[PDB]
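Asks: Quick one: structure below, then a few questions.
In this analysis, Cβ positions are derived from the backbone assuming ideal geometry, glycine residues included, and neighbour counts consider all displayed protein chains. What follows draws every value from the coordinates through simple rules; no lab data is involved.
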Amino acid sequence: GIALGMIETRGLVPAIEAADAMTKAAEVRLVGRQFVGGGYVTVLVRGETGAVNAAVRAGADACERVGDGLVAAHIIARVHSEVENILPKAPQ
Amino acid sequence: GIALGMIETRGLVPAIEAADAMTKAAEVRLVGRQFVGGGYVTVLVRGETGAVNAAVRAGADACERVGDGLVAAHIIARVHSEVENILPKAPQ
Amino acid sequence: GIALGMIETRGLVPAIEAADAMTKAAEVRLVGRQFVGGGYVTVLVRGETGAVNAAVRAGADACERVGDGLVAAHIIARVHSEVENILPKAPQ
Amino acid sequence: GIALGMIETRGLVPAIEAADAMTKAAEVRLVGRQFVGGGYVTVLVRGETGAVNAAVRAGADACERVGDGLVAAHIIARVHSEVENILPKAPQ
Amino acid sequence: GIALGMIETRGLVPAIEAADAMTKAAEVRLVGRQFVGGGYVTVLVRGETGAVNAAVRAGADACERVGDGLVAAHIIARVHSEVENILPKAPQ
Amino acid sequence: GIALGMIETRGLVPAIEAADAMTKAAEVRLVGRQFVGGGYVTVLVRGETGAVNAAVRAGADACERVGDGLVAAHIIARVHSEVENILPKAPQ
Amino acid sequence: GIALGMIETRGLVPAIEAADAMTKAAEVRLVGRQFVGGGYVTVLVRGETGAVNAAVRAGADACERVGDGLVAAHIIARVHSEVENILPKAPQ
Amino acid sequence: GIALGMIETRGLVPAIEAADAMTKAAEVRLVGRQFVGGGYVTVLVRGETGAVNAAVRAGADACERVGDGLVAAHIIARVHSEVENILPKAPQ
Amino acid sequence: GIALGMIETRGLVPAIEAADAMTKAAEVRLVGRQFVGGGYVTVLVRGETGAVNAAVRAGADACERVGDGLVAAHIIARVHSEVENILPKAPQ
Amino acid sequence: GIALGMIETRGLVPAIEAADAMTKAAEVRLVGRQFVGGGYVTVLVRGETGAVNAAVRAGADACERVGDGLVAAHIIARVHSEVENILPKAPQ
Amino acid sequence: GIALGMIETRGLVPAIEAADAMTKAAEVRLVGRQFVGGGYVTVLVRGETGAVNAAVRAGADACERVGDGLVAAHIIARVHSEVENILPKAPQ
Amino acid sequence: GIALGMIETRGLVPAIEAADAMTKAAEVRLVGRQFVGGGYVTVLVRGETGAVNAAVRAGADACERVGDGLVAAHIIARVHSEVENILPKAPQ
Amino acid sequence: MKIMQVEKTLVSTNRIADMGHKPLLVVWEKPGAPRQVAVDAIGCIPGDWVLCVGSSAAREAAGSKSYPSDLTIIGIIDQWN
Amino acid sequence: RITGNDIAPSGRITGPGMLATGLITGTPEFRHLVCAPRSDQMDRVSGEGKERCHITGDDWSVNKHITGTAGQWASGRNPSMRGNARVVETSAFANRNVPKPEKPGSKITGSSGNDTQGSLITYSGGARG
Amino acid sequence: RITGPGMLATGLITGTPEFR
């Protein structure tokens, strides 16, 4: 899909809860989990616009109080083709 | 079992204490320890939902006062297949 | 374009909004995203001085309320040859 | 499309207007109409996430003023393999 | 013969009066009488749009006073192929 | 005879009394008894117009105070061939 | 005996208490139990008029405080032949 | 056994709680579960008079606070031979 | 596992939402959905006691405010063999 | 019968008084006498539930003032199949 | 099932009640009843962690007021292989 | 290891907690469990001095509040060759 | 009033709104006679002899004194021809 | 009072145990209009984007926490300056209440279909027709 | 009242409460 969902969290227990509630909710594919350093983990899902909005609204409510917490929940429905270069395609 | 229990702690000594506590307390398998960054270390232990609750409660109490302490104790009774790729399969 | 616009942000969710906001706002090319470490992620764009300026203002405004925020927004109208070697270049 | 849209109504006239508006608004296949009992009739549609969001909204607006009315309008973006067996496959 | 008229009523006695007023009023074919449950009985008719309008308008006035009265009188002039599948084809 | 006399009641005890009164009061055939749901039970009679008028009148006064009472008492002297199909042709 | 005694109740537990109380109270035969829907259950007994009068009075007093209670108690000493076709001949 | 124990409950979830408690408390046999309609479900158990007094008490307490609750609880130490024909012999 | 979990709801939409949340949250198999009548639908899951405790907690919270809501949520960790004949083994 | 009666007493003298009173006062069979250690004896009986209740009530009355006394008098109307392994089948 | 639940009580009347309650409450297997001496009887029941938490709580509530009462009620979710040599395999 | 770690406990349940805590906390080997009589149950371990010390402290703390409690917790760093005859060589 | 037999129903979607929702029926004194339309107060099946009232009486028989009707089917004749 | 390993629900540990406390029964602890009035609402996006109906479940709505495609993100991108108020409009609708001279009156006699209650027909010169 | 073996040991017996 073209939409991007991002759930930054302070810790990987909050990020794992977020990825579980984002994937389970809608047909969004978990394209990456990034250790941004400093303790910030960003779980990135890519799917159709509605699926990403439904998924990112579930992940956020789920990880809001897991561990340290949620830092950011952001949706970008189409992303400049140049930004697609700096976005993960499959999770490590 | 397919349930997931994760304990996040600030430091590796608290996390090793938590992992030993969890595996000894109930029938769970240590599947990995991840260095998140910023001094966060997450110990992941799979197993049956009831077994994974006992382990995460036993391991949460063990690391509560070891070192910097406990950031998160969390249980996910079923894990979506998408989040399996991000989770560590065996401990390294 | 030789002007460089750079937006440092605390996290990658704040940085993908700004890379997306800078690229959409003006004729700048996203040369790279660099993880400084400590939670710092820097998105660097390259364009004519007038285009880098609109893009940096747009990126600075967008990411300021996404996640932890904006650390620095800066424009260098002419970048010296020696600094080009320390600057990300390819749209990798 | 795997999403489920469901409109529960009091009566069958509201349900058939709900099912017409839902099928009329988007490319969603009407998979069932269920006489729940108590005078409740749940018409179930299935389609791509966005189609089911556009469909359910049209059906809810269409049936609220038809007959006794609407009890519920719900979307499930991905339904578990288990809930497929309690879901009608093609309508009766 | 592609238009649908429906008159839901609380009880069979108002609905039989509605179906008698509808079939006599215009050239429509009572395609079904459906016990929805909870005491709702829906007489559905299928004929050209003017005929269906006359039948449902006359049937609605006829059943308003009989018994517990009318719940709904509806005309769906064009019926989506999908909604046709949840519709009675002959009265039984 | 072609006339129909339908007495709906909230229960089977009122309907059996209504049927007894209708059949005894005039020469009508108890073509059917139907359980609509919600407690509604309609006893339908068929005979010549005068016979049906007398029968429905007797049934109504008879069942008004029997049990939860009368919902409707209706006479249609000539029922359409089309509504003949939704009417029971023999009691069970 | 050709009289009909009928006790409608709101539930089968009130109706079975009424059936037991009726057969034991007087010389009456339990011809049927019918689920009318809406929670209504009718127990039809048949014997001599005085027997039925005594049974219906005994079954009413017995079932009034069992569960939701009694809706109707009714006796029909002679039943028109037509009403016999809607009456239950044997309890099963 | 000769005794009957009937726990009528509003909803099936309270009825399965009542059934589990009775059959566990004393030596009784679930002989039927009846959907009386209108949300009424009656669980009938046949056993020895002492066994059916102990099962009904257990079931009534258990199902009281489960779901909508308990409509009635009743023991008929012996049922007239005629009420045996309206009684369920084995559960469906 | 032989544990039972049962979420009764007013309508099919609340129950289908409850079955999605129950199945996704924990390792439970959906053994049946039963229309109890009177507007009530039961959704029954069977799993190990910890998985069924987690499933009925997830379903109850998700369907509480979907449609008319949740009548009951109940766990029976072991069911008497007798109650197994009144439980649905596989769903439709 | 499957019901179990158990009278525990301090000493075998109270136990034999109670054992004789239980088997002389009801149709129960002495299935065993177990020395529990510590100056406790248990006399276990088995019969229909009313018989066991009368037997245990009679024995508890007989031994309350015989010797050291009665510690417990308990009735378990149906014992689980697993408890039947730890229960004596015949005395000596 | 490798979790161990164990209820010590003063007497075999308090212990048999506890064994019955524990085994009835969850899928646990009574592995032994031991006469510890001094009038103490330990009923040990194996099973999955969730089932042993249900069963031990049921046993404790059940035997608390039977006879002398409950000495202890303990759960061990996993037991070292060494301690498995001092634990009963099946009841003797 | 010739050190011995003895934890005497009132009851077997305080003694099985002690054995579990002891064997889990050190390289000790449960050598036996004794029912001393009167209630006392002595769990004995054999290991090195530091291992035995760690195991006994853990066991005492663990079983102190389980049931009646801990009678004694003793460590004998080297046991005389004569005492070996009175010590269990393997758990029987 | 005139004894007339219903032949067929009549539908006019573009009808004055003052004719309400009342049904219209093509009555005739005998077959092959001038066809007329009557607002059906008493529901009537095609082929049945009916009785129809004309000026003023029809307006009140089918709704109110203002109802636009100069012919209304006042009843169905129990036995005719 | 039950010693040993605890599987009882807590707030320090997070996950499925916390959900639905006080709704569920059978637990070891227990045992031992959809659409807002149409007149009141004025949806931002009409049609299939209408948010008037409370559509429960996994819908495409975004809550407080979500930041993204709309709002400051779409409105900030391009600079803009609004410099004037709406100026009076010249349209048929606006001219509905234009000051008009007094209606022509008809003093003609003799049958001429001289209706005075209808719409203002005019004849050459502005007379009443 | 109803005399019999059920009358005996009113407050001592525990377990299997019967119908009120």
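Asks: Residue pairs, Cβ under 6 Å, 6 or more apart or interchain, first in the range N:2-20 and within 7 Å of another protein chain (Cβ to nearest Cβ), second in a loop (DSSP other than H, G, I, E, B). List them.
Replies: Cβ pairs passing all conditions: N:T3/L:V66; N:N5/K:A77; N:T14/A:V66; N:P16/B:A77; N:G17/N:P9.
Asks: Suppose the filter is under 25 Å from the mean Cα position of the chain (by Cα) and away from chain B (no Cβ under 14 Å); does N:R86 pass it? Steps first, please.
Replies: On the way: under 25 Å from the mean Cα position of the chain (by Cα): yes; away from chain B (no Cβ under 14 Å): yes.
It is true that N:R86 is under 25 Å from the mean Cα position of the chain (by Cα) and away from chain B (no Cβ under 14 Å).
Asks: Another question, if that's okay. How about the range L:4-43: which of its residues are over 19 Å from L:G67 (Cα atoms), in contact with a strand residue (DSSP E or B) (Cβ under 9 Å, 6 or more places away or on another chain) and not basic (K, R)? Talk me through it step by step, then tell me what you get.
Replies: Within the range L:4-43, the first condition is being over 19 Å from L:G67 (Cα atoms), and the residues that meet it are L:4-5, L:23-32.
Add one more test, that the residue is in contact with a strand residue (DSSP E or B) (Cβ under 9 Å, 6 or more places away or on another chain), and what stays is L:4-5, L:23, L:26-32.
Scanning the range L:4-43 gives L:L4, L:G5, L:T23, L:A26, L:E27, L:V28, L:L30, L:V31, L:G32.
Here's the yes/no breakdown for (1) surrounded by 19 or more Cβ atoms within 10 Å (Cβ to Cβ); (2) more than 27 Å from C:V66 (Cβ to Cβ); (3) of a type in the set (D, E):
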site	(1), (2), (3)
N:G11	no, yes, no
N:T25	yes, yes, no
N:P37	no, yes, no
N:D40	no, yes, yes
N:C53	yes, yes, no
N:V62	yes, no, no
N:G68	yes, no, no
N:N78	no, no, no
N:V87	no, yes, no
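Asks: Test D:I7 against the stated conditions and say whether it is at the interface with another protein chain (Cβ under 7 Å from one of its Cβ atoms) and surrounded by 24 or more Cβ atoms within 10 Å (Cβ to Cβ).
Replies: no
Asks: Search the range M:32-45 for residues being out of contact with any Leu (no Cβ under 8 Å at 6 or more places or on another chain) and either under 22 Å from E:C63 (Cβ atoms) or within 13 Å of chain F (Cβ to nearest Cβ) (or both), and hand back the single one that is surrounded by the most Cβ atoms within 10 Å (Cβ to Cβ).
Replies: M:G43
Asks: Looking at the range G:20-39, which of its residues are more than 11 Å from the chain's Cα centre (by Cα), crowded, with 24+ Cβ neighbours inside 10 Å and of a type in the set (A, V, I, L, M, F, W, C)?
Replies: G:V36
Asks: Scan the range D:1-13 for residues that are more than 9 Å from the chain's Cα centre (by Cα) and not in a loop (DSSP other than H, G, I, E, B) and jot them down.
Replies: Across the range D:1-13, the qualifying residues are D:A3, D:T9, D:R10, D:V13.
Asks: Related question: If you take the residues in the range C:40-67 that are touching a helix residue (DSSP H, G or I) at 6+ places or on another chain (Cβ under 8 Å) and under 19 Å from A:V36 (Cα atoms), which one is surrounded by the fewest Cβ atoms within 10 Å (Cβ to Cβ)?
Replies: C:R65
Asks: Of the numbered conditions (1) touching a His at 6+ places or on another chain (Cβ under 9 Å); (2) under 20 Å from K:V41 (Cα atoms), J:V56 satisfies every one except a single condition; which is it?
Replies: Among (1) touching a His at 6+ places or on another chain (Cβ under 9 Å); (2) under 20 Å from K:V41 (Cα atoms), J:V56 violates only (2).
Asks: Only residues that are over 15 Å from the mean Cα position of the chain (by Cα) and either of a type in the set (D, E) or within 25 Å of D:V13 (Cβ to Cβ) (or both): list them for the range D:67-83, please.
Replies: Hits for the range D:67-83 are D:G67, D:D68, D:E82.
Asks: Hey, H:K24 hits all of (1) among the charged types (D, E, K, R); (2) touching a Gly at 6+ places or on another chain (Cβ under 7 Å); (3) within 24 Å of I:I2 (Cα to Cα) but one; which does it fall short on?
Replies: Just one mismatch for H:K24, condition (2).
Asks: Only strands (runs of 3 or more DSSP E) wholly contained in the range B:14-92 count here; list those with 2 or more residues that are within 14 Å of chain I (Cβ to nearest Cβ), within 19 Å of N:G15 (Cα to Cα) and of a type outside the set (A, V, I, L, M, F, W, C). Explain how you work it out, then say what you get.
Replies: Numbers: elements: B:28-37, B:40-47, B:70-76.
The strands (runs of 3 or more DSSP E) meeting that bar are B:40-47.
Residues are listed down the side, and each one gets a yes or a no for (1) among the aliphatic types (A, V, I, L, M); (2) over 22 Å from M:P46 (Cβ atoms):
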{"site": "E:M22", "(1), (2)": "yes, no"}
{"site": "E:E27", "(1), (2)": "no, no"}
{"site": "E:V31", "(1), (2)": "yes, no"}
{"site": "E:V41", "(1), (2)": "yes, yes"}
{"site": "E:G50", "(1), (2)": "no, no"}
{"site": "E:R57", "(1), (2)": "no, no"}
{"site": "E:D61", "(1), (2)": "no, no"}
{"site": "E:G67", "(1), (2)": "no, yes"}
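Residue-by-condition table, conditions (1) closer than 15 Å to A:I86 by Cα; (2) touching a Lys or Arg at 6+ places or on another chain (Cβ under 9 Å):
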residue	(1), (2)
C:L12	yes, yes
C:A21	yes, yes
C:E48	no, no
C:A58	no, yes
C:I76	no, no
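Asks: Going residue by residue through the range D:28-40, is there one that turns out to be among the β-branched types (V, I, T) and more than 13 Å from E:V83 (Cα to Cα)?
Replies: Yes: one or more hits.
Asks: For the list (1) within 23 Å of E:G47 (Cβ to Cβ); (2) in a strand (DSSP E or B); (3) within 11 Å of another protein chain (Cβ to nearest Cβ), I need the number of the one condition that M:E7 fails.
Replies: (3)
Asks: Is it the case that the range L:45-53 has a residue that's of a type in the set (D, E) and over 24 Å from B:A25 (Cβ atoms)?
Replies: Yes, some residue in the range L:45-53 is of a type in the set (D, E) and over 24 Å from B:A25 (Cβ atoms).
Asks: All but one of (1) surrounded by fewer than 24 Cβ atoms within 10 Å (Cβ to Cβ); (2) under 30 Å from I:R10 (Cβ atoms); (3) touching a helix residue (DSSP H, G or I) at 6+ places or on another chain (Cβ under 6 Å); (4) of a type in the set (D, E) hold for H:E17; which doesn't?
Replies: (1)
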